[PDB]
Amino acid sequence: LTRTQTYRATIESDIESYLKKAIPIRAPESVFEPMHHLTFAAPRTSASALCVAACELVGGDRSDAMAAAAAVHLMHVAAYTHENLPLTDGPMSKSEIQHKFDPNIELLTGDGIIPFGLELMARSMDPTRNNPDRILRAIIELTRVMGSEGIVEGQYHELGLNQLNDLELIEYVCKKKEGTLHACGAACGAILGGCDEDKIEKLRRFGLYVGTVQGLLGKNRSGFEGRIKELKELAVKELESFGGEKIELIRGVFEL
């Protein structure tokens, strides 16, 4: 592996180890079995690593952002689970997955995973009395990503979908789902990192741009090459205000 890959993977290993301490497979039974299973079977999102990297970029330790990064992963897991949830007329996502558990169980496990991430984030503060306004602000960010400003807005418009036709509607969905998830990750990193009000906004915009790109790639319909270079350039702009070699690894992680 390259320095960049090693860096992403180590972050992702630290996140997974952090979650494993919080969610025992302790089951068959209690929500814990489907909660443990869905969390670690789900595809990862680069939004979780951006959270940690954003925090380090501004001088935080990674233990400062571990709870946030894990919460980001969990919001994503909750969204992913509910998107692939078989309803009356099947799931919202047309690309089918394997299900080890019944629909009813996936529904409630998704419901339990949403606040669990916010509970971990809420319960991280306090050991020596750390950042109550900060952790509260981080919580605001995560609540924003899951709801009407973020993922659920995206999923709402994802319903009226068409075959690679409405490109602006597709982009909008990517911005609201993968976009908002990265924005939140980056903004949490920065908040927990102890950051300028101005520098939070910038990393937030950064996350939005790379998250939208990550979304668009996940469509892979190519009608987007020009928009992708457009957004990548905006991502770089935001980065210019920071520095210190973590910049290079972050640029690396996001193919910039």
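Quick note: we count residues from 1 along the sequence shown, nothing fancier.
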property: Per the entry, higher mean C-alpha B factor between 201 to 209 and 226 to 234; result: 226 to 234
property: Entry-level comparison of average CA B-factors, 44 to 52 and 22 to 30, reporting the higher stretch; result: 22 to 30
property: Maximum C-alpha temperature factor, selected from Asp133, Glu153, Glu106, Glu83; result: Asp133
property: Deposited CA B-factor, highest of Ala79, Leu164, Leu181, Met121; result: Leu164
property: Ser93 - Cα temperature factor, lowest/middle/highest third of chain; result: middle
property: Cα B factor band for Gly147 (lowest, middle or highest third within the chain); result: middle
property: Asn220 - Cα temperature factor, lowest/middle/highest third of chain; result: highest
property: Third assignment of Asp111 from its chain's C-alpha B-factors; result: lowest
property: Position of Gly189 among the chain's modelled residues by C-alpha B-factor, lowest, middle or highest third; result: lowest
